[PDB]
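entry-v9.pdb (PDB, C-alpha atoms and all ligand atoms) appears below.
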```
ATOM      1  CA  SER B  94    -118.475-163.798 -96.417  1.00  0.00           C
ATOM      2  CA  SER B  95    -116.562-161.540 -98.817  1.00  0.00           C
ATOM      3  CA  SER B  96    -117.985-159.445-101.635  1.00  0.00           C
ATOM      4  CA  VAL B  97    -118.030-155.948-103.084  1.00  0.00           C
ATOM      5  CA  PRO B  98    -120.789-154.111-104.970  1.00  0.00           C
ATOM      6  CA  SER B  99    -120.148-153.168-108.564  1.00  0.00           C
ATOM      7  CA  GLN B 100    -118.787-149.671-109.127  1.00  0.00           C
ATOM      8  CA  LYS B 101    -119.237-149.747-112.910  1.00  0.00           C
ATOM      9  CA  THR B 102    -120.722-146.500-114.206  1.00  0.00           C
ATOM     10  CA  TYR B 103    -123.918-147.300-116.087  1.00  0.00           C
ATOM     11  CA  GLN B 104    -126.144-144.669-117.657  1.00  0.00           C
ATOM     12  CA  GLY B 105    -128.892-147.151-118.598  1.00  0.00           C
ATOM     13  CA  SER B 106    -132.110-146.560-120.514  1.00  0.00           C
ATOM     14  CA  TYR B 107    -132.911-143.271-118.749  1.00  0.00           C
ATOM     15  CA  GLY B 108    -129.524-141.596-119.171  1.00  0.00           C
ATOM     16  CA  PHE B 109    -128.768-141.500-115.449  1.00  0.00           C
ATOM     17  CA  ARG B 110    -125.758-139.589-114.121  1.00  0.00           C
ATOM     18  CA  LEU B 111    -124.802-137.432-111.151  1.00  0.00           C
ATOM     19  CA  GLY B 112    -124.201-133.700-111.056  1.00  0.00           C
ATOM     20  CA  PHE B 113    -122.746-131.348-108.474  1.00  0.00           C
ATOM     21  CA  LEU B 114    -122.895-127.636-107.719  1.00  0.00           C
ATOM     22  CA  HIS B 115    -119.983-125.643-109.169  1.00  0.00           C
ATOM     23  CA  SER B 116    -119.078-124.162-105.795  1.00  0.00           C
ATOM     24  CA  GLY B 117    -115.378-123.317-106.274  1.00  0.00           C
ATOM     25  CA  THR B 118    -112.727-123.502-103.554  1.00  0.00           C
ATOM     26  CA  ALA B 119    -113.165-120.438-101.326  1.00  0.00           C
ATOM     27  CA  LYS B 120    -112.364-121.243 -97.688  1.00  0.00           C
ATOM     28  CA  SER B 121    -116.009-120.708 -96.696  1.00  0.00           C
ATOM     29  CA  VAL B 122    -117.572-123.387 -98.934  1.00  0.00           C
ATOM     30  CA  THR B 123    -119.263-126.163 -96.996  1.00  0.00           C
ATOM     31  CA  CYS B 124    -118.733-128.634 -99.816  1.00  0.00           C
ATOM     32  CA  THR B 125    -117.248-128.689-103.290  1.00  0.00           C
ATOM     33  CA  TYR B 126    -116.798-131.233-106.098  1.00  0.00           C
ATOM     34  CA  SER B 127    -113.596-131.720-108.137  1.00  0.00           C
ATOM     35  CA  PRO B 128    -114.316-132.908-111.712  1.00  0.00           C
ATOM     36  CA  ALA B 129    -110.645-133.680-112.401  1.00  0.00           C
ATOM     37  CA  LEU B 130    -110.497-135.949-109.335  1.00  0.00           C
ATOM     38  CA  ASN B 131    -114.172-137.066-109.418  1.00  0.00           C
ATOM     39  CA  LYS B 132    -114.062-136.302-105.716  1.00  0.00           C
ATOM     40  CA  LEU B 133    -116.522-134.556-103.413  1.00  0.00           C
ATOM     41  CA  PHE B 134    -115.032-132.603-100.487  1.00  0.00           C
ATOM     42  CA  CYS B 135    -117.394-131.906 -97.612  1.00  0.00           C
ATOM     43  CA  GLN B 136    -117.679-131.043 -93.926  1.00  0.00           C
ATOM     44  CA  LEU B 137    -118.765-133.343 -91.124  1.00  0.00           C
ATOM     45  CA  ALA B 138    -122.550-133.863 -90.938  1.00  0.00           C
ATOM     46  CA  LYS B 139    -123.344-130.874 -93.193  1.00  0.00           C
ATOM     47  CA  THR B 140    -125.528-130.728 -96.296  1.00  0.00           C
ATOM     48  CA  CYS B 141    -123.974-132.202 -99.458  1.00  0.00           C
ATOM     49  CA  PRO B 142    -126.254-131.565-102.449  1.00  0.00           C
ATOM     50  CA  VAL B 143    -125.953-134.328-105.044  1.00  0.00           C
ATOM     51  CA  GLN B 144    -127.915-133.951-108.283  1.00  0.00           C
ATOM     52  CA  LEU B 145    -129.638-136.721-110.215  1.00  0.00           C
ATOM     53  CA  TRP B 146    -129.861-136.045-113.952  1.00  0.00           C
ATOM     54  CA  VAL B 147    -131.866-138.232-116.340  1.00  0.00           C
ATOM     55  CA  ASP B 148    -132.675-137.893-120.029  1.00  0.00           C
ATOM     56  CA  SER B 149    -136.082-139.541-119.542  1.00  0.00           C
ATOM     57  CA  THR B 150    -138.256-140.127-116.502  1.00  0.00           C
ATOM     58  CA  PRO B 151    -137.885-143.580-114.866  1.00  0.00           C
ATOM     59  CA  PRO B 152    -140.960-145.685-113.986  1.00  0.00           C
ATOM     60  CA  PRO B 153    -143.101-145.279-110.858  1.00  0.00           C
ATOM     61  CA  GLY B 154    -141.546-146.759-107.762  1.00  0.00           C
ATOM     62  CA  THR B 155    -137.961-146.084-108.819  1.00  0.00           C
ATOM     63  CA  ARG B 156    -135.541-145.689-105.904  1.00  0.00           C
ATOM     64  CA  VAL B 157    -132.131-144.074-105.361  1.00  0.00           C
ATOM     65  CA  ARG B 158    -129.577-145.868-103.154  1.00  0.00           C
ATOM     66  CA  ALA B 159    -126.261-144.622-101.740  1.00  0.00           C
ATOM     67  CA  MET B 160    -123.524-146.882-100.359  1.00  0.00           C
ATOM     68  CA  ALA B 161    -119.903-146.278 -99.353  1.00  0.00           C
ATOM     69  CA  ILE B 162    -117.028-148.681-100.067  1.00  0.00           C
ATOM     70  CA  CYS B 163    -113.263-148.570 -99.753  1.00  0.00           C
ATOM     71  CA  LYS B 164    -111.746-147.544-103.089  1.00  0.00           C
ATOM     72  CA  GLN B 165    -108.510-149.542-102.756  1.00  0.00           C
ATOM     73  CA  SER B 166    -108.640-153.233-103.660  1.00  0.00           C
ATOM     74  CA  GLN B 167    -106.797-154.282-100.495  1.00  0.00           C
ATOM     75  CA  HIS B 168    -109.635-152.834 -98.366  1.00  0.00           C
ATOM     76  CA  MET B 169    -112.696-153.261-100.550  1.00  0.00           C
ATOM     77  CA  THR B 170    -114.041-156.263 -98.621  1.00  0.00           C
ATOM     78  CA  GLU B 171    -114.190-154.147 -95.431  1.00  0.00           C
ATOM     79  CA  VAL B 172    -117.590-152.671 -94.544  1.00  0.00           C
ATOM     80  CA  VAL B 173    -117.471-148.881 -94.208  1.00  0.00           C
ATOM     81  CA  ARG B 174    -119.046-147.765 -90.921  1.00  0.00           C
ATOM     82  CA  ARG B 175    -118.776-144.857 -88.498  1.00  0.00           C
ATOM     83  CA  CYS B 176    -115.933-144.822 -85.984  1.00  0.00           C
ATOM     84  CA  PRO B 177    -116.555-145.718 -82.308  1.00  0.00           C
ATOM     85  CA  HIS B 178    -116.623-142.077 -81.191  1.00  0.00           C
ATOM     86  CA  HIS B 179    -119.207-140.852 -83.688  1.00  0.00           C
ATOM     87  CA  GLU B 180    -121.396-143.958 -83.379  1.00  0.00           C
ATOM     88  CA  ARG B 181    -121.878-143.095 -79.675  1.00  0.00           C
ATOM     89  CA  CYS B 182    -122.544-139.372 -80.192  1.00  0.00           C
ATOM     90  CA  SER B 183    -125.964-137.840 -79.569  1.00  0.00           C
ATOM     91  CA  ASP B 184    -126.443-136.743 -83.184  1.00  0.00           C
ATOM     92  CA  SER B 185    -129.233-139.141 -84.199  1.00  0.00           C
ATOM     93  CA  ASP B 186    -131.885-137.693 -86.504  1.00  0.00           C
ATOM     94  CA  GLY B 187    -134.377-140.363 -85.414  1.00  0.00           C
ATOM     95  CA  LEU B 188    -134.129-142.319 -88.675  1.00  0.00           C
ATOM     96  CA  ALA B 189    -130.540-143.317 -89.426  1.00  0.00           C
ATOM     97  CA  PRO B 190    -128.793-146.189 -87.623  1.00  0.00           C
ATOM     98  CA  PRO B 191    -125.976-144.784 -85.470  1.00  0.00           C
ATOM     99  CA  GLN B 192    -123.369-146.864 -87.337  1.00  0.00           C
ATOM    100  CA  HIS B 193    -124.241-145.563 -90.826  1.00  0.00           C
ATOM    101  CA  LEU B 194    -121.747-143.197 -92.474  1.00  0.00           C
ATOM    102  CA  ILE B 195    -124.194-141.815 -95.058  1.00  0.00           C
ATOM    103  CA  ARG B 196    -127.502-140.192 -94.116  1.00  0.00           C
ATOM    104  CA  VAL B 197    -130.163-138.430 -96.155  1.00  0.00           C
ATOM    105  CA  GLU B 198    -131.178-135.025 -94.808  1.00  0.00           C
ATOM    106  CA  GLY B 199    -134.680-133.649 -95.172  1.00  0.00           C
ATOM    107  CA  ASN B 200    -136.450-136.746 -96.473  1.00  0.00           C
ATOM    108  CA  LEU B 201    -138.786-138.565 -94.099  1.00  0.00           C
ATOM    109  CA  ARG B 202    -139.066-141.421 -96.631  1.00  0.00           C
ATOM    110  CA  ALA B 203    -135.381-142.370 -96.340  1.00  0.00           C
ATOM    111  CA  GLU B 204    -134.910-146.093 -95.666  1.00  0.00           C
ATOM    112  CA  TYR B 205    -131.731-147.538 -94.130  1.00  0.00           C
ATOM    113  CA  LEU B 206    -130.480-151.060 -94.838  1.00  0.00           C
ATOM    114  CA  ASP B 207    -127.999-153.376 -93.135  1.00  0.00           C
ATOM    115  CA  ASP B 208    -127.657-156.013 -95.849  1.00  0.00           C
ATOM    116  CA  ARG B 209    -128.492-159.434 -94.397  1.00  0.00           C
ATOM    117  CA  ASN B 210    -125.721-161.181 -96.359  1.00  0.00           C
ATOM    118  CA  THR B 211    -122.988-158.613 -97.069  1.00  0.00           C
ATOM    119  CA  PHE B 212    -123.560-156.507 -93.903  1.00  0.00           C
ATOM    120  CA  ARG B 213    -123.021-153.344 -95.938  1.00  0.00           C
ATOM    121  CA  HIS B 214    -124.945-150.181 -95.097  1.00  0.00           C
ATOM    122  CA  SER B 215    -126.984-148.137 -97.529  1.00  0.00           C
ATOM    123  CA  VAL B 216    -129.691-145.475 -97.557  1.00  0.00           C
ATOM    124  CA  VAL B 217    -132.424-145.427-100.188  1.00  0.00           C
ATOM    125  CA  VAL B 218    -135.104-142.860-101.084  1.00  0.00           C
ATOM    126  CA  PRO B 219    -137.916-142.749-103.658  1.00  0.00           C
ATOM    127  CA  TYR B 220    -136.922-141.183-106.951  1.00  0.00           C
ATOM    128  CA  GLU B 221    -138.785-137.908-107.441  1.00  0.00           C
ATOM    129  CA  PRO B 222    -138.707-135.997-110.748  1.00  0.00           C
ATOM    130  CA  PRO B 223    -137.340-132.445-110.740  1.00  0.00           C
ATOM    131  CA  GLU B 224    -139.528-129.875-109.011  1.00  0.00           C
ATOM    132  CA  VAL B 225    -141.110-126.978-110.888  1.00  0.00           C
ATOM    133  CA  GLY B 226    -138.306-124.683-112.008  1.00  0.00           C
ATOM    134  CA  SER B 227    -135.559-127.314-111.770  1.00  0.00           C
ATOM    135  CA  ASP B 228    -133.977-129.633-114.336  1.00  0.00           C
ATOM    136  CA  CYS B 229    -132.516-132.145-111.879  1.00  0.00           C
ATOM    137  CA  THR B 230    -133.426-133.872-108.641  1.00  0.00           C
ATOM    138  CA  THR B 231    -131.305-132.945-105.639  1.00  0.00           C
ATOM    139  CA  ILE B 232    -130.636-135.257-102.683  1.00  0.00           C
ATOM    140  CA  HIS B 233    -129.053-133.785 -99.556  1.00  0.00           C
ATOM    141  CA  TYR B 234    -126.566-136.263 -98.114  1.00  0.00           C
ATOM    142  CA  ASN B 235    -124.708-135.993 -94.798  1.00  0.00           C
ATOM    143  CA  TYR B 236    -121.441-137.816 -94.062  1.00  0.00           C
ATOM    144  CA  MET B 237    -121.238-138.604 -90.361  1.00  0.00           C
ATOM    145  CA  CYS B 238    -117.515-139.300 -89.893  1.00  0.00           C
ATOM    146  CA  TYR B 239    -114.333-137.562 -90.968  1.00  0.00           C
ATOM    147  CA  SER B 240    -111.965-139.079 -93.509  1.00  0.00           C
ATOM    148  CA  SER B 241    -109.399-139.202 -90.681  1.00  0.00           C
ATOM    149  CA  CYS B 242    -111.641-141.107 -88.244  1.00  0.00           C
ATOM    150  CA  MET B 243    -109.828-144.313 -87.342  1.00  0.00           C
ATOM    151  CA  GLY B 244    -112.306-147.139 -87.053  1.00  0.00           C
ATOM    152  CA  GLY B 245    -114.452-145.199 -89.537  1.00  0.00           C
ATOM    153  CA  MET B 246    -113.151-143.884 -92.847  1.00  0.00           C
ATOM    154  CA  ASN B 247    -109.651-144.900 -91.638  1.00  0.00           C
ATOM    155  CA  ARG B 248    -107.738-142.304 -93.721  1.00  0.00           C
ATOM    156  CA  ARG B 249    -108.596-144.481 -96.739  1.00  0.00           C
ATOM    157  CA  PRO B 250    -110.037-143.266-100.036  1.00  0.00           C
ATOM    158  CA  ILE B 251    -113.779-143.915 -99.870  1.00  0.00           C
ATOM    159  CA  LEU B 252    -116.127-144.164-102.856  1.00  0.00           C
ATOM    160  CA  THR B 253    -119.835-143.342-102.769  1.00  0.00           C
ATOM    161  CA  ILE B 254    -121.892-145.440-105.210  1.00  0.00           C
ATOM    162  CA  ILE B 255    -125.310-144.055-106.212  1.00  0.00           C
ATOM    163  CA  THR B 256    -127.648-146.559-107.857  1.00  0.00           C
ATOM    164  CA  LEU B 257    -130.959-146.027-109.599  1.00  0.00           C
ATOM    165  CA  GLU B 258    -133.114-149.100-108.866  1.00  0.00           C
ATOM    166  CA  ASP B 259    -136.573-150.200-109.873  1.00  0.00           C
ATOM    167  CA  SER B 260    -139.147-151.074-107.222  1.00  0.00           C
ATOM    168  CA  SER B 261    -137.850-154.672-107.054  1.00  0.00           C
ATOM    169  CA  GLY B 262    -134.207-153.611-106.671  1.00  0.00           C
ATOM    170  CA  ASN B 263    -133.072-154.251-110.253  1.00  0.00           C
ATOM    171  CA  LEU B 264    -130.355-151.938-111.563  1.00  0.00           C
ATOM    172  CA  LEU B 265    -131.412-149.036-113.795  1.00  0.00           C
ATOM    173  CA  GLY B 266    -128.307-146.839-113.513  1.00  0.00           C
ATOM    174  CA  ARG B 267    -125.145-146.297-111.535  1.00  0.00           C
ATOM    175  CA  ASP B 268    -122.616-143.515-110.911  1.00  0.00           C
ATOM    176  CA  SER B 269    -120.018-142.906-108.247  1.00  0.00           C
ATOM    177  CA  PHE B 270    -117.575-140.435-106.744  1.00  0.00           C
ATOM    178  CA  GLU B 271    -114.791-140.394-104.197  1.00  0.00           C
ATOM    179  CA  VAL B 272    -115.637-138.549-100.984  1.00  0.00           C
ATOM    180  CA  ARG B 273    -113.400-136.714 -98.513  1.00  0.00           C
ATOM    181  CA  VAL B 274    -114.881-135.409 -95.251  1.00  0.00           C
ATOM    182  CA  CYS B 275    -112.669-132.691 -93.808  1.00  0.00           C
ATOM    183  CA  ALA B 276    -112.573-129.396 -91.930  1.00  0.00           C
ATOM    184  CA  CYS B 277    -111.962-127.120 -94.956  1.00  0.00           C
ATOM    185  CA  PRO B 278    -113.170-128.640 -98.241  1.00  0.00           C
ATOM    186  CA  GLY B 279    -112.261-125.575-100.307  1.00  0.00           C
ATOM    187  CA  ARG B 280    -108.623-125.543 -99.239  1.00  0.00           C
ATOM    188  CA  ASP B 281    -108.334-129.328 -99.452  1.00  0.00           C
ATOM    189  CA  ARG B 282    -109.707-129.423-103.006  1.00  0.00           C
ATOM    190  CA  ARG B 283    -107.421-126.611-104.195  1.00  0.00           C
ATOM    191  CA  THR B 284    -104.412-128.284-102.548  1.00  0.00           C
ATOM    192  CA  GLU B 285    -105.128-131.694-104.067  1.00  0.00           C
ATOM    193  CA  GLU B 286    -105.659-130.122-107.485  1.00  0.00           C
ATOM    194  CA  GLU B 287    -102.389-128.181-107.184  1.00  0.00           C
ATOM    195  CA  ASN B 288    -100.608-131.532-107.692  1.00  0.00           C
ATOM    196  CA  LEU B 289    -102.233-131.913-111.159  1.00  0.00           C
ATOM    197  CA  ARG B 290     -99.284-130.486-113.072  1.00  0.00           C
TER     198      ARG B 290
HETATM  199 ZN    ZN S 301    -115.850-140.625 -86.777  1.00  0.00          ZN
END
```

As structure tokens, the full file:
Amino acid sequence: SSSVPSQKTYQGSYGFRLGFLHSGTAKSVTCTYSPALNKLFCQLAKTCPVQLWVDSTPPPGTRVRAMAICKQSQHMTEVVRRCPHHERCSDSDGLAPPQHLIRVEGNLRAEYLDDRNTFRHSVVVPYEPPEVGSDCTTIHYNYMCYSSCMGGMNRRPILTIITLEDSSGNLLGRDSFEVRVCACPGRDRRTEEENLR
């Protein structure tokens, strides 16, 4: 009735870790990642490219799961879901449950899970190796509530946990990042980094 997934970074046998575009903080950026904060800033329901880097190719049937949790210990048993307003909106892509914060864009093989025991939401896709001309695999995520949505992200720091799993669900790798969904990611990142003095 209470639990939390592990957030322990784990590179594993295949050298798994995340990467992000180096987009800077101009006002026009639709998303941007802060290395100093390990924090992705993005806009509501827009493309967030997240890169999967491995040193060696994982086995057939490997999968990539994303799940959101509250970062603070006093809230980590609370399931992260969309707020009442956005859950009722007509923004369904035909695949994602209306309550799920995290969607995958542009992948018809995305699978969405309400865990039967923990009730937590996640979205999982097949692992694909990098395409011709690329050195990493990119997943396009969408975050479907704002950080300020009460009943949703609740103005709480939220962590996204990305896990590399084998076909049976066993852990092969894990990485994570804080996520802020906001109107102007470039300005918000530069403002939060200004305090790093
Ligand atoms: Zn919302």

Can you measure CA of residue 117 (chain B) to CA of residue 235 (chain B) for me? One decimal in Å is fine. 19.5 Å

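Nearest residue to ligand ZN 301 (chain S), choosing from B:197, B:230, B:138, B:267 and counting all atoms listed in the file: B:138.
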
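Residues in contact with residue 243 (chain B) at 12 Å, where all atoms listed in the file are counted and same-chain residues fewer than 2 positions away are skipped, are listed as residues 173, 174, 175, 176, 177, 178, 179, 238, 239, 240, 241, 245, 246, 247, 248 and 249 of chain B.
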
Between region 112-152 of chain B and region 222-229 of chain B, at 7 Å or less, what are the per-residue closest atom pairs and their distances in Å? Count only C-alpha atoms, order by chain and rising residue number, and return it as JSON lines.
```
{"residue": "B:144", "atom": "CA", "partner": "B:229", "partner_atom": "CA", "distance": 6.1}
{"residue": "B:145", "atom": "CA", "partner": "B:229", "partner_atom": "CA", "distance": 5.7}
{"residue": "B:146", "atom": "CA", "partner": "B:229", "partner_atom": "CA", "distance": 5.2}
```

Pull C-alpha atoms from the residues just selected and write them as a PDB file, in the coordinates of the input.
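Saved result, again-v4.pdb, follows:
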```
ATOM      1  CA  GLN B 144    -127.915-133.951-108.283  1.00  0.00           C
ATOM      2  CA  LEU B 145    -129.638-136.721-110.215  1.00  0.00           C
ATOM      3  CA  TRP B 146    -129.861-136.045-113.952  1.00  0.00           C
TER       4      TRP B 146
END
```

Residue 277 (chain B) environment, 9 Å, all atoms listed in the file, sequence neighbours closer than 2 positions dropped, as a PyMOL selection string: chain B and resi 120-124+134-136+274-275+279-282

Among the residues B:256, B:288, B:127, B:231, the one that comes closest to residue 141 (chain B) [using all atoms listed in the file]: B:231

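Proximity ranking of B:278, B:244, B:266, B:219 relative to ligand ZN 301 (chain S) places B:244 first, based on only C-alpha atoms and all ligand atoms.
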
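When the PyMOL selection byres (((chain B and resi 96) around 10) and not hetatm) is evaluated on the file shown here, the picked residues come out as residues 94, 95, 97, 98, 99, 169, 170, 171, 172, 210, 211, 212 and 213 of chain B.
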
Atoms are missing here; could region 105-131 of chain B be completed with N, CA and C atoms and written as a PDB file, keeping the file's coordinate frame?
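Contents of the output file result_25.pdb:
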```pdb
ATOM      1  N   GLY B 105    -127.621-146.453-118.456  1.00  0.00           N
ATOM      2  CA  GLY B 105    -128.892-147.151-118.598  1.00  0.00           C
ATOM      3  C   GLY B 105    -129.864-146.465-119.553  1.00  0.00           C
ATOM      4  N   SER B 106    -131.092-146.997-119.557  1.00  0.00           N
ATOM      5  CA  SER B 106    -132.110-146.560-120.514  1.00  0.00           C
ATOM      6  C   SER B 106    -132.523-145.109-120.301  1.00  0.00           C
ATOM      7  N   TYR B 107    -132.419-144.603-119.074  1.00  0.00           N
ATOM      8  CA  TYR B 107    -132.911-143.271-118.749  1.00  0.00           C
ATOM      9  C   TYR B 107    -131.818-142.216-118.730  1.00  0.00           C
ATOM     10  N   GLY B 108    -130.586-142.579-119.083  1.00  0.00           N
ATOM     11  CA  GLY B 108    -129.524-141.596-119.171  1.00  0.00           C
ATOM     12  C   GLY B 108    -129.173-141.020-117.814  1.00  0.00           C
ATOM     13  N   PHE B 109    -128.988-141.901-116.832  1.00  0.00           N
ATOM     14  CA  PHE B 109    -128.768-141.500-115.449  1.00  0.00           C
ATOM     15  C   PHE B 109    -127.309-141.122-115.218  1.00  0.00           C
ATOM     16  N   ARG B 110    -127.088-139.965-114.592  1.00  0.00           N
ATOM     17  CA  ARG B 110    -125.758-139.589-114.121  1.00  0.00           C
ATOM     18  C   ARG B 110    -125.893-138.548-113.020  1.00  0.00           C
ATOM     19  N   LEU B 111    -124.816-138.388-112.246  1.00  0.00           N
ATOM     20  CA  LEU B 111    -124.802-137.432-111.151  1.00  0.00           C
ATOM     21  C   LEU B 111    -124.324-136.058-111.617  1.00  0.00           C
ATOM     22  N   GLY B 112    -124.744-135.033-110.879  1.00  0.00           N
ATOM     23  CA  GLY B 112    -124.201-133.700-111.056  1.00  0.00           C
ATOM     24  C   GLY B 112    -123.956-133.056-109.707  1.00  0.00           C
ATOM     25  N   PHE B 113    -123.115-132.018-109.712  1.00  0.00           N
ATOM     26  CA  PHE B 113    -122.746-131.348-108.474  1.00  0.00           C
ATOM     27  C   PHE B 113    -122.742-129.845-108.699  1.00  0.00           C
ATOM     28  N   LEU B 114    -122.986-129.091-107.630  1.00  0.00           N
ATOM     29  CA  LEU B 114    -122.895-127.636-107.719  1.00  0.00           C
ATOM     30  C   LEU B 114    -121.457-127.222-108.025  1.00  0.00           C
ATOM     31  N   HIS B 115    -121.307-126.156-108.816  1.00  0.00           N
ATOM     32  CA  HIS B 115    -119.983-125.643-109.169  1.00  0.00           C
ATOM     33  C   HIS B 115    -119.641-124.562-108.148  1.00  0.00           C
ATOM     34  N   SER B 116    -119.202-125.017-106.965  1.00  0.00           N
ATOM     35  CA  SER B 116    -119.078-124.162-105.795  1.00  0.00           C
ATOM     36  C   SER B 116    -117.715-123.490-105.649  1.00  0.00           C
ATOM     37  N   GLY B 117    -116.705-123.910-106.410  1.00  0.00           N
ATOM     38  CA  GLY B 117    -115.378-123.317-106.274  1.00  0.00           C
ATOM     39  C   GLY B 117    -114.696-123.732-104.971  1.00  0.00           C
ATOM     40  N   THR B 118    -113.562-123.077-104.679  1.00  0.00           N
ATOM     41  CA  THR B 118    -112.727-123.502-103.554  1.00  0.00           C
ATOM     42  C   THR B 118    -112.467-122.405-102.521  1.00  0.00           C
ATOM     43  N   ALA B 119    -113.332-121.401-102.409  1.00  0.00           N
ATOM     44  CA  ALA B 119    -113.165-120.438-101.326  1.00  0.00           C
ATOM     45  C   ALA B 119    -113.198-121.153 -99.976  1.00  0.00           C
ATOM     46  N   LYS B 120    -112.491-120.584 -98.989  1.00  0.00           N
ATOM     47  CA  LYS B 120    -112.364-121.243 -97.688  1.00  0.00           C
ATOM     48  C   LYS B 120    -113.710-121.459 -97.011  1.00  0.00           C
ATOM     49  N   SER B 121    -114.710-120.653 -97.350  1.00  0.00           N
ATOM     50  CA  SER B 121    -116.009-120.708 -96.696  1.00  0.00           C
ATOM     51  C   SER B 121    -116.956-121.762 -97.264  1.00  0.00           C
ATOM     52  N   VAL B 122    -116.617-122.438 -98.365  1.00  0.00           N
ATOM     53  CA  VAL B 122    -117.572-123.387 -98.934  1.00  0.00           C
ATOM     54  C   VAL B 122    -117.766-124.557 -97.977  1.00  0.00           C
ATOM     55  N   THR B 123    -119.003-125.011 -97.848  1.00  0.00           N
ATOM     56  CA  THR B 123    -119.263-126.163 -96.996  1.00  0.00           C
ATOM     57  C   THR B 123    -119.081-127.479 -97.732  1.00  0.00           C
ATOM     58  N   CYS B 124    -119.123-127.464 -99.055  1.00  0.00           N
ATOM     59  CA  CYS B 124    -118.733-128.634 -99.816  1.00  0.00           C
ATOM     60  C   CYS B 124    -118.387-128.162-101.213  1.00  0.00           C
ATOM     61  N   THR B 125    -117.672-129.015-101.933  1.00  0.00           N
ATOM     62  CA  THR B 125    -117.248-128.689-103.290  1.00  0.00           C
ATOM     63  C   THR B 125    -116.766-129.947-104.005  1.00  0.00           C
ATOM     64  N   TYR B 126    -117.108-130.059-105.290  1.00  0.00           N
ATOM     65  CA  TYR B 126    -116.798-131.233-106.098  1.00  0.00           C
ATOM     66  C   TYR B 126    -115.672-130.923-107.079  1.00  0.00           C
ATOM     67  N   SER B 127    -114.681-131.828-107.166  1.00  0.00           N
ATOM     68  CA  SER B 127    -113.596-131.720-108.137  1.00  0.00           C
ATOM     69  C   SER B 127    -113.874-132.608-109.342  1.00  0.00           C
ATOM     70  N   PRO B 128    -114.175-132.051-110.521  1.00  0.00           N
ATOM     71  CA  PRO B 128    -114.316-132.908-111.712  1.00  0.00           C
ATOM     72  C   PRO B 128    -113.045-133.661-112.078  1.00  0.00           C
ATOM     73  N   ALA B 129    -111.878-133.017-111.986  1.00  0.00           N
ATOM     74  CA  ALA B 129    -110.645-133.680-112.401  1.00  0.00           C
ATOM     75  C   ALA B 129    -110.375-134.912-111.552  1.00  0.00           C
ATOM     76  N   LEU B 130    -110.722-134.851-110.268  1.00  0.00           N
ATOM     77  CA  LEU B 130    -110.497-135.949-109.335  1.00  0.00           C
ATOM     78  C   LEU B 130    -111.717-136.849-109.169  1.00  0.00           C
ATOM     79  N   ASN B 131    -112.870-136.444-109.697  1.00  0.00           N
ATOM     80  CA  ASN B 131    -114.172-137.066-109.418  1.00  0.00           C
ATOM     81  C   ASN B 131    -114.318-137.314-107.916  1.00  0.00           C
TER      82      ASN B 131
END
```
